[PDB]
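Reproduced below: query.pdb, with PDB, C-alpha atoms.
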ATOM      1  CA  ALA D   1      84.939 117.367 118.407
ATOM      2  CA  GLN D   2      81.501 116.073 119.342
ATOM      3  CA  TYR D   3      79.800 119.412 118.805
ATOM      4  CA  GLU D   4      81.223 121.186 115.767
ATOM      5  CA  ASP D   5      80.436 124.470 114.069
ATOM      6  CA  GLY D   6      78.412 123.822 110.929
ATOM      7  CA  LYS D   7      77.083 120.527 112.328
ATOM      8  CA  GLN D   8      74.659 120.885 115.297
ATOM      9  CA  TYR D   9      74.898 124.644 114.995
ATOM     10  CA  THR D  10      76.267 127.489 112.895
ATOM     11  CA  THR D  11      78.027 130.547 114.230
ATOM     12  CA  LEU D  12      76.778 133.962 113.088
ATOM     13  CA  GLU D  13      79.627 135.792 111.296
ATOM     14  CA  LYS D  14      77.836 138.925 112.443
ATOM     15  CA  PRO D  15      77.143 138.480 116.188
ATOM     16  CA  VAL D  16      74.280 140.437 117.725
ATOM     17  CA  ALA D  17      74.952 142.468 120.881
ATOM     18  CA  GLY D  18      72.451 142.407 123.775
ATOM     19  CA  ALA D  19      70.167 139.686 122.359
ATOM     20  CA  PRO D  20      68.014 137.399 124.560
ATOM     21  CA  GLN D  21      69.935 134.389 125.957
ATOM     22  CA  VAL D  22      67.703 131.839 124.232
ATOM     23  CA  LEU D  23      65.787 133.303 121.273
ATOM     24  CA  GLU D  24      63.318 131.215 119.284
ATOM     25  CA  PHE D  25      61.451 132.308 116.091
ATOM     26  CA  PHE D  26      58.317 130.729 114.678
ATOM     27  CA  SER D  27      55.241 131.277 112.519
ATOM     28  CA  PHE D  28      51.760 129.859 112.975
ATOM     29  CA  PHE D  29      51.958 129.112 109.198
ATOM     30  CA  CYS D  30      55.179 127.104 109.581
ATOM     31  CA  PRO D  31      54.658 123.288 109.484
ATOM     32  CA  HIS D  32      57.824 122.310 111.397
ATOM     33  CA  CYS D  33      56.827 124.924 113.979
ATOM     34  CA  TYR D  34      53.577 123.025 114.477
ATOM     35  CA  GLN D  35      55.607 119.848 115.004
ATOM     36  CA  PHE D  36      57.967 121.726 117.398
ATOM     37  CA  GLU D  37      55.014 122.888 119.452
ATOM     38  CA  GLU D  38      52.591 119.991 119.540
ATOM     39  CA  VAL D  39      54.572 116.827 118.838
ATOM     40  CA  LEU D  40      58.122 117.585 120.025
ATOM     41  CA  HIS D  41      57.549 120.221 122.722
ATOM     42  CA  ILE D  42      60.977 121.712 121.914
ATOM     43  CA  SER D  43      60.640 124.903 123.917
ATOM     44  CA  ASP D  44      59.639 122.955 126.953
ATOM     45  CA  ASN D  45      62.406 120.368 126.695
ATOM     46  CA  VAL D  46      65.034 123.044 126.141
ATOM     47  CA  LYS D  47      63.864 124.860 129.300
ATOM     48  CA  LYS D  48      64.061 121.635 131.332
ATOM     49  CA  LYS D  49      67.784 121.465 130.512
ATOM     50  CA  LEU D  50      68.748 125.139 130.712
ATOM     51  CA  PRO D  51      70.794 126.407 133.697
ATOM     52  CA  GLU D  52      69.335 128.462 136.480
ATOM     53  CA  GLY D  53      69.173 132.140 135.539
ATOM     54  CA  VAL D  54      68.317 131.948 131.838
ATOM     55  CA  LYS D  55      65.142 133.448 130.379
ATOM     56  CA  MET D  56      63.596 132.014 127.247
ATOM     57  CA  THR D  57      62.182 134.258 124.476
ATOM     58  CA  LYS D  58      59.846 133.372 121.611
ATOM     59  CA  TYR D  59      58.846 135.646 118.739
ATOM     60  CA  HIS D  60      56.480 135.426 115.758
ATOM     61  CA  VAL D  61      57.606 136.409 112.230
ATOM     62  CA  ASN D  62      56.038 138.272 109.280
ATOM     63  CA  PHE D  63      57.482 136.565 106.220
ATOM     64  CA  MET D  64      54.910 133.743 106.058
ATOM     65  CA  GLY D  65      51.225 134.079 105.259
ATOM     66  CA  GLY D  66      51.298 137.664 104.027
ATOM     67  CA  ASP D  67      48.634 139.871 105.541
ATOM     68  CA  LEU D  68      47.433 137.300 108.078
ATOM     69  CA  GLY D  69      51.082 136.639 108.959
ATOM     70  CA  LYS D  70      51.418 140.221 110.234
ATOM     71  CA  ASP D  71      48.112 140.032 112.108
ATOM     72  CA  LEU D  72      49.513 136.950 113.818
ATOM     73  CA  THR D  73      52.656 138.791 114.860
ATOM     74  CA  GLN D  74      50.504 141.520 116.419
ATOM     75  CA  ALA D  75      48.347 138.847 118.133
ATOM     76  CA  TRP D  76      51.412 137.157 119.555
ATOM     77  CA  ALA D  77      52.388 140.632 120.876
ATOM     78  CA  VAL D  78      48.956 140.718 122.539
ATOM     79  CA  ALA D  79      49.535 137.222 123.925
ATOM     80  CA  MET D  80      52.930 138.269 125.357
ATOM     81  CA  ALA D  81      51.556 141.505 126.834
ATOM     82  CA  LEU D  82      48.681 139.661 128.533
ATOM     83  CA  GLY D  83      50.820 136.713 129.474
ATOM     84  CA  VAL D  84      48.460 134.274 127.762
ATOM     85  CA  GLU D  85      50.846 132.472 125.361
ATOM     86  CA  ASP D  86      50.158 129.105 126.872
ATOM     87  CA  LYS D  87      46.446 129.327 126.226
ATOM     88  CA  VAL D  88      46.444 130.539 122.641
ATOM     89  CA  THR D  89      49.421 128.757 121.116
ATOM     90  CA  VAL D  90      47.721 125.465 120.383
ATOM     91  CA  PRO D  91      44.401 126.873 119.100
ATOM     92  CA  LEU D  92      46.233 129.325 116.832
ATOM     93  CA  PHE D  93      48.387 126.543 115.373
ATOM     94  CA  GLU D  94      45.383 124.279 114.873
ATOM     95  CA  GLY D  95      43.184 127.117 113.610
ATOM     96  CA  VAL D  96      45.754 128.003 110.946
ATOM     97  CA  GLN D  97      47.075 124.550 109.931
ATOM     98  CA  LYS D  98      44.602 121.872 111.059
ATOM     99  CA  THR D  99      41.034 123.168 110.851
ATOM    100  CA  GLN D 100      41.890 126.154 108.636
ATOM    101  CA  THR D 101      39.296 128.209 110.448
ATOM    102  CA  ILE D 102      41.559 131.235 110.904
ATOM    103  CA  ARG D 103      41.288 133.514 107.858
ATOM    104  CA  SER D 104      41.022 137.000 109.276
ATOM    105  CA  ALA D 105      41.998 139.166 112.199
ATOM    106  CA  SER D 106      38.496 138.542 113.560
ATOM    107  CA  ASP D 107      39.054 134.767 113.622
ATOM    108  CA  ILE D 108      42.296 135.260 115.525
ATOM    109  CA  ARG D 109      40.390 137.388 118.011
ATOM    110  CA  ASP D 110      37.813 134.548 118.387
ATOM    111  CA  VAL D 111      40.599 132.186 119.497
ATOM    112  CA  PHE D 112      41.472 134.573 122.352
ATOM    113  CA  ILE D 113      37.775 135.019 123.330
ATOM    114  CA  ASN D 114      37.310 131.273 123.405
ATOM    115  CA  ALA D 115      40.422 131.036 125.578
ATOM    116  CA  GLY D 116      38.760 133.376 128.039
ATOM    117  CA  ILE D 117      40.422 136.703 127.322
ATOM    118  CA  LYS D 118      37.788 139.429 127.501
ATOM    119  CA  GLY D 119      36.871 141.255 124.290
ATOM    120  CA  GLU D 120      37.482 144.696 125.748
ATOM    121  CA  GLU D 121      40.804 143.510 127.165
ATOM    122  CA  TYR D 122      41.935 142.044 123.832
ATOM    123  CA  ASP D 123      40.920 145.062 121.719
ATOM    124  CA  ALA D 124      42.539 147.446 124.187
ATOM    125  CA  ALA D 125      45.765 145.423 124.032
ATOM    126  CA  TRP D 126      45.534 145.063 120.225
ATOM    127  CA  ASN D 127      45.432 148.843 119.802
ATOM    128  CA  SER D 128      47.922 149.757 122.528
ATOM    129  CA  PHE D 129      51.337 151.330 121.941
ATOM    130  CA  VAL D 130      52.771 148.718 124.293
ATOM    131  CA  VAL D 131      51.782 146.047 121.775
ATOM    132  CA  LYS D 132      53.062 148.319 119.005
ATOM    133  CA  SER D 133      56.526 148.327 120.585
ATOM    134  CA  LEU D 134      56.259 144.600 121.265
ATOM    135  CA  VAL D 135      55.633 144.108 117.521
ATOM    136  CA  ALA D 136      58.679 146.348 116.923
ATOM    137  CA  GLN D 137      60.883 144.151 119.154
ATOM    138  CA  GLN D 138      59.805 141.008 117.334
ATOM    139  CA  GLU D 139      60.639 142.539 113.984
ATOM    140  CA  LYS D 140      63.972 143.977 115.116
ATOM    141  CA  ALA D 141      65.219 140.698 116.611
ATOM    142  CA  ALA D 142      64.443 138.891 113.342
ATOM    143  CA  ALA D 143      66.018 141.639 111.236
ATOM    144  CA  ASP D 144      69.198 141.550 113.363
ATOM    145  CA  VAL D 145      69.928 137.969 112.279
ATOM    146  CA  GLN D 146      68.613 138.395 108.744
ATOM    147  CA  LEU D 147      66.028 135.686 109.346
ATOM    148  CA  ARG D 148      64.644 133.873 106.282
ATOM    149  CA  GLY D 149      63.498 130.593 107.803
ATOM    150  CA  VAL D 150      61.643 129.202 110.794
ATOM    151  CA  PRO D 151      61.678 127.422 113.187
ATOM    152  CA  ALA D 152      64.899 128.999 114.361
ATOM    153  CA  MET D 153      66.726 129.241 117.630
ATOM    154  CA  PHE D 154      69.655 131.517 118.469
ATOM    155  CA  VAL D 155      71.788 131.288 121.607
ATOM    156  CA  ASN D 156      73.266 134.566 122.983
ATOM    157  CA  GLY D 157      73.037 136.254 119.602
ATOM    158  CA  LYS D 158      75.951 134.193 118.363
ATOM    159  CA  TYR D 159      74.924 130.623 117.655
ATOM    160  CA  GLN D 160      72.100 129.253 115.542
ATOM    161  CA  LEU D 161      70.728 125.756 116.013
ATOM    162  CA  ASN D 162      71.068 123.449 113.020
ATOM    163  CA  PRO D 163      68.379 120.698 113.316
ATOM    164  CA  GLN D 164      69.164 119.236 109.855
ATOM    165  CA  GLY D 165      72.395 117.907 111.366
ATOM    166  CA  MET D 166      70.627 115.712 113.965
ATOM    167  CA  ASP D 167      69.018 112.267 113.421
ATOM    168  CA  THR D 168      65.255 112.179 112.924
ATOM    169  CA  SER D 169      64.640 108.390 113.024
ATOM    170  CA  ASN D 170      63.486 108.868 116.608
ATOM    171  CA  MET D 171      61.581 111.982 117.703
ATOM    172  CA  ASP D 172      62.641 111.619 121.373
ATOM    173  CA  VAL D 173      66.309 111.306 120.520
ATOM    174  CA  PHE D 174      66.036 114.333 118.203
ATOM    175  CA  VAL D 175      64.531 116.470 120.942
ATOM    176  CA  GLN D 176      67.278 115.617 123.480
ATOM    177  CA  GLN D 177      70.042 116.198 120.973
ATOM    178  CA  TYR D 178      68.463 119.565 120.237
ATOM    179  CA  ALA D 179      68.086 120.481 123.916
ATOM    180  CA  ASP D 180      71.593 119.245 124.855
ATOM    181  CA  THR D 181      72.965 121.303 122.001
ATOM    182  CA  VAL D 182      71.250 124.360 123.399
ATOM    183  CA  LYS D 183      72.719 123.600 126.867
ATOM    184  CA  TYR D 184      76.232 123.218 125.429
ATOM    185  CA  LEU D 185      75.962 126.504 123.494
ATOM    186  CA  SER D 186      74.574 128.113 126.647
ATOM    187  CA  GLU D 187      77.680 127.103 128.577
ATOM    188  CA  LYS D 188      79.916 128.251 125.740
TER     189      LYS D 188
END
Take the structure in the file and write it out as structure tokens.
Amino acid sequence: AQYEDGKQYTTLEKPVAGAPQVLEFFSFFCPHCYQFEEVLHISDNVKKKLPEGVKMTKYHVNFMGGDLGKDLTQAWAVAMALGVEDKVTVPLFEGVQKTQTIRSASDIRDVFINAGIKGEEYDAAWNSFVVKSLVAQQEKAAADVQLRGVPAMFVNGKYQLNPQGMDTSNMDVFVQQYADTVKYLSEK
């Protein structure tokens, strides 16, 4: 076939019940994730090709960057709770990987302040049990698929995108192959 198991995707031998339709995992420490966000705009191109009626989920992971890695997962929980993902994603990526100006929880906080989230509002979110459970959800979703690498995308808790099986000579062509694969799996 044109799309074949173990080529553009792998099938999870252990399917996950009730998972988000389109589930993407990343880390602000993850170099391909930086590419995926700023150069390839994967999430956005996938969405442009997804059917009507599908929500898109994105979670941070703990297994990179040790102590700061966990702080970043809590901060992404804050970003999700406040609905400010689209204002902090780029400065967090660049703060971690480009300028290397993010080295503590306080520096993460600075990124949000600079993006216009109020101090009081951020610290209240940071310490809230709603963010606590949001952190829990992120961890549980990753644990359910035994996640050991990012970037990763899972469709309906059953299929896992396999970007190593797509050509990379051309970034544009890679992105559409990726997004079309998601569409196909969606319709599967």
Once you count only C-alpha atoms, what closest atom pair and distance in Å to one decimal does each residue of region 31-92 of chain D within 9 Å of region 163-177 of chain D have, with rows by chain and rising residue number, as a tab-separated table?
residue	atom	partner	partner_atom	distance
D:39	CA	D:171	CA	8.6
D:40	CA	D:175	CA	6.6
D:41	CA	D:175	CA	8.1
D:42	CA	D:175	CA	6.4
D:45	CA	D:175	CA	7.3
D:46	CA	D:176	CA	8.2
List, as a JSON list (two decimals) with C-alpha atoms, keeping the file's coordinate frame, every residue that the PyMOL selection byres ((chain D and resi 117) around 12) selects in the file provided.
[["chain", "number", "residue", "atom", "x", "y", "z"],
["D", 78, "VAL", "CA", 48.96, 140.72, 122.54],
["D", 79, "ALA", "CA", 49.54, 137.22, 123.92],
["D", 82, "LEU", "CA", 48.68, 139.66, 128.53],
["D", 83, "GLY", "CA", 50.82, 136.71, 129.47],
["D", 84, "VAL", "CA", 48.46, 134.27, 127.76],
["D", 85, "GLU", "CA", 50.85, 132.47, 125.36],
["D", 87, "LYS", "CA", 46.45, 129.33, 126.23],
["D", 88, "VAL", "CA", 46.44, 130.54, 122.64],
["D", 109, "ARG", "CA", 40.39, 137.39, 118.01],
["D", 110, "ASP", "CA", 37.81, 134.55, 118.39],
["D", 111, "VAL", "CA", 40.60, 132.19, 119.50],
["D", 112, "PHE", "CA", 41.47, 134.57, 122.35],
["D", 113, "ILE", "CA", 37.78, 135.02, 123.33],
["D", 114, "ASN", "CA", 37.31, 131.27, 123.40],
["D", 115, "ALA", "CA", 40.42, 131.04, 125.58],
["D", 116, "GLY", "CA", 38.76, 133.38, 128.04],
["D", 118, "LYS", "CA", 37.79, 139.43, 127.50],
["D", 119, "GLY", "CA", 36.87, 141.26, 124.29],
["D", 120, "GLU", "CA", 37.48, 144.70, 125.75],
["D", 121, "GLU", "CA", 40.80, 143.51, 127.16],
["D", 122, "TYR", "CA", 41.94, 142.04, 123.83],
["D", 123, "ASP", "CA", 40.92, 145.06, 121.72],
["D", 124, "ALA", "CA", 42.54, 147.45, 124.19],
["D", 125, "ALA", "CA", 45.76, 145.42, 124.03]]
I would like the residues chosen by the PyMOL selection byres ((chain D and resi 6-8) around 6) on the shown file; could you give them as a PyMOL selection string?
chain D and resi 4-5+9-10+162+165
Please dump the current selection as an mmCIF file, in the coordinates of the input; keep C-alpha atoms.
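The resulting file, out-v7.cif, is shown below:
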data_model
loop_
_atom_site.group_PDB
_atom_site.id
_atom_site.type_symbol
_atom_site.label_atom_id
_atom_site.label_comp_id
_atom_site.auth_asym_id
_atom_site.auth_seq_id
_atom_site.Cartn_x
_atom_site.Cartn_y
_atom_site.Cartn_z
ATOM 1 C CA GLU D 4 81.223 121.186 115.767
ATOM 2 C CA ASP D 5 80.436 124.470 114.069
ATOM 3 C CA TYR D 9 74.898 124.644 114.995
ATOM 4 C CA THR D 10 76.267 127.489 112.895
ATOM 5 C CA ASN D 162 71.068 123.449 113.020
ATOM 6 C CA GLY D 165 72.395 117.907 111.366
#
Neighbouring residues of region 53-59 of chain D were defined as those with any atom within 10 Å, considering only C-alpha atoms; residues of the same chain fewer than 4 positions away were excluded. Please report them as an MDAnalysis selection string.
chainID D and resid 19:27 43:44 46:47 73 76:77 80 85 134:135 137:139 141:142 152:155 186
Could you work out an axis-aligned bounding box for all listed atoms of region 157-169 of chain D, with 8 Å added on each of the six sides, and give its centre and edge lengths in Å to one decimal, as JSON?
{"center_x": 70.3, "center_y": 122.3, "center_z": 114.7, "size_x": 27.3, "size_y": 43.9, "size_z": 25.7}
Measuring between all atoms listed in the file, which one of D:12, D:50, D:74, D:96 shows the shortest distance to residue 30 (chain D)?
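That would be D:96, the residue with the smallest distance to residue 30 (chain D).
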Rounded to one decimal in Å, what is the spacing between CA of residue 140 (chain D) and CA of residue 92 (chain D)?
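Going from CA of residue 140 (chain D) over to CA of residue 92 (chain D) covers 23.1 Å.
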Can you turn the PyMOL selection byres ((chain D and resi 70) around 12) into a concrete residue list for this file, as a PDB file with C-alpha atoms, in the frame of the given file?
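Heads up, here's the output in expr.pdb:
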ATOM      1  CA  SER D  27      55.241 131.277 112.519  1.00  0.00           C
ATOM      2  CA  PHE D  28      51.760 129.859 112.975  1.00  0.00           C
ATOM      3  CA  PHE D  29      51.958 129.112 109.198  1.00  0.00           C
ATOM      4  CA  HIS D  60      56.480 135.426 115.758  1.00  0.00           C
ATOM      5  CA  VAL D  61      57.606 136.409 112.230  1.00  0.00           C
ATOM      6  CA  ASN D  62      56.038 138.272 109.280  1.00  0.00           C
ATOM      7  CA  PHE D  63      57.482 136.565 106.220  1.00  0.00           C
ATOM      8  CA  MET D  64      54.910 133.743 106.058  1.00  0.00           C
ATOM      9  CA  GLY D  65      51.225 134.079 105.259  1.00  0.00           C
ATOM     10  CA  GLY D  66      51.298 137.664 104.027  1.00  0.00           C
ATOM     11  CA  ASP D  67      48.634 139.871 105.541  1.00  0.00           C
ATOM     12  CA  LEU D  68      47.433 137.300 108.078  1.00  0.00           C
ATOM     13  CA  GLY D  69      51.082 136.639 108.959  1.00  0.00           C
ATOM     14  CA  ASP D  71      48.112 140.032 112.108  1.00  0.00           C
ATOM     15  CA  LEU D  72      49.513 136.950 113.818  1.00  0.00           C
ATOM     16  CA  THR D  73      52.656 138.791 114.860  1.00  0.00           C
ATOM     17  CA  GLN D  74      50.504 141.520 116.419  1.00  0.00           C
ATOM     18  CA  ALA D  75      48.347 138.847 118.133  1.00  0.00           C
ATOM     19  CA  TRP D  76      51.412 137.157 119.555  1.00  0.00           C
ATOM     20  CA  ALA D  77      52.388 140.632 120.876  1.00  0.00           C
ATOM     21  CA  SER D 104      41.022 137.000 109.276  1.00  0.00           C
ATOM     22  CA  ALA D 105      41.998 139.166 112.199  1.00  0.00           C
ATOM     23  CA  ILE D 108      42.296 135.260 115.525  1.00  0.00           C
ATOM     24  CA  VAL D 135      55.633 144.108 117.521  1.00  0.00           C
ATOM     25  CA  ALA D 136      58.679 146.348 116.923  1.00  0.00           C
ATOM     26  CA  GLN D 138      59.805 141.008 117.334  1.00  0.00           C
ATOM     27  CA  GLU D 139      60.639 142.539 113.984  1.00  0.00           C
TER      28      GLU D 139
END
Do you know which residues are at most 9 Å from residue 31 (chain D) counting all atoms listed in the file, after dropping those on the same chain fewer than 5 positions away, and could you put them as a PyMOL selection string?
chain D and resi 36+97+151
Selection to disk with C-alpha atoms, as a tab-separated table (two decimals), in the frame of the given file:
chain	number	residue	atom	x	y	z
D	36	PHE	CA	57.97	121.73	117.40
D	97	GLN	CA	47.08	124.55	109.93
D	151	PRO	CA	61.68	127.42	113.19
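CA of residue 159 (chain D) is positioned 17.3 Å from CA of residue 49 (chain D).
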Could you model N, CA and C atoms for region 27-54 of chain D and present them as a compact mmCIF listing (two decimals), in the frame of the given file?
# COMPACT_ATOMS: atom_id res chain seq x y z
N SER D 27 56.41 130.72 113.19
CA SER D 27 55.24 131.28 112.52
C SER D 27 54.11 130.28 112.67
N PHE D 28 52.90 130.76 112.89
CA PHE D 28 51.76 129.86 112.98
C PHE D 28 51.46 129.20 111.62
N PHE D 29 52.09 129.70 110.55
CA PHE D 29 51.96 129.11 109.20
C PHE D 29 53.02 128.04 108.88
N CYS D 30 53.98 127.93 109.77
CA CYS D 30 55.18 127.10 109.58
C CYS D 30 54.95 125.66 110.08
N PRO D 31 54.98 124.69 109.17
CA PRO D 31 54.66 123.29 109.48
C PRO D 31 55.61 122.62 110.47
N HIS D 32 56.92 122.83 110.37
CA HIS D 32 57.82 122.31 111.40
C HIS D 32 57.60 122.97 112.75
N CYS D 33 57.12 124.21 112.74
CA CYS D 33 56.83 124.92 113.98
C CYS D 33 55.66 124.25 114.71
N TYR D 34 54.68 123.81 113.94
CA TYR D 34 53.58 123.02 114.48
C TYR D 34 54.08 121.74 115.15
N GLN D 35 54.95 121.04 114.45
CA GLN D 35 55.61 119.85 115.00
C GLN D 35 56.33 120.22 116.33
N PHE D 36 57.17 121.25 116.27
CA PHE D 36 57.97 121.73 117.40
C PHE D 36 57.10 122.02 118.61
N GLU D 37 55.91 122.57 118.36
CA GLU D 37 55.01 122.89 119.45
C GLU D 37 54.24 121.66 119.93
N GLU D 38 53.53 120.98 119.04
CA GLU D 38 52.59 119.99 119.54
C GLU D 38 53.09 118.56 119.65
N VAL D 39 54.06 118.19 118.83
CA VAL D 39 54.57 116.83 118.84
C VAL D 39 55.87 116.68 119.62
N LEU D 40 56.78 117.65 119.45
CA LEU D 40 58.12 117.58 120.02
C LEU D 40 58.29 118.37 121.32
N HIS D 41 57.47 119.40 121.52
CA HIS D 41 57.55 120.22 122.72
C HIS D 41 58.99 120.71 122.97
N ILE D 42 59.59 121.24 121.92
CA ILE D 42 60.98 121.71 121.91
C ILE D 42 61.23 122.74 122.98
N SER D 43 60.43 123.81 122.97
CA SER D 43 60.64 124.90 123.92
C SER D 43 60.68 124.35 125.32
N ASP D 44 59.75 123.45 125.60
CA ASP D 44 59.64 122.96 126.95
C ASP D 44 60.82 122.06 127.35
N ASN D 45 61.29 121.25 126.41
CA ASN D 45 62.41 120.37 126.70
C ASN D 45 63.73 121.12 126.79
N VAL D 46 63.86 122.18 126.01
CA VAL D 46 65.03 123.04 126.14
C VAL D 46 65.08 123.63 127.56
N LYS D 47 63.98 124.26 127.97
CA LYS D 47 63.86 124.86 129.30
C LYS D 47 64.22 123.90 130.43
N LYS D 48 63.76 122.66 130.33
CA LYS D 48 64.06 121.64 131.33
C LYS D 48 65.56 121.34 131.45
N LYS D 49 66.36 121.75 130.47
CA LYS D 49 67.78 121.46 130.51
C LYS D 49 68.65 122.70 130.65
N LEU D 50 68.04 123.88 130.54
CA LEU D 50 68.75 125.14 130.71
C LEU D 50 69.13 125.38 132.17
N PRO D 51 70.30 126.01 132.38
CA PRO D 51 70.79 126.41 133.70
C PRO D 51 69.83 127.34 134.39
N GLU D 52 70.08 127.50 135.68
CA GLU D 52 69.33 128.46 136.48
C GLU D 52 69.79 129.87 136.09
N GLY D 53 68.83 130.77 135.87
CA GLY D 53 69.17 132.14 135.54
C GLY D 53 69.10 132.50 134.06
N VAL D 54 68.47 131.65 133.26
CA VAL D 54 68.32 131.95 131.84
C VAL D 54 66.84 132.08 131.47
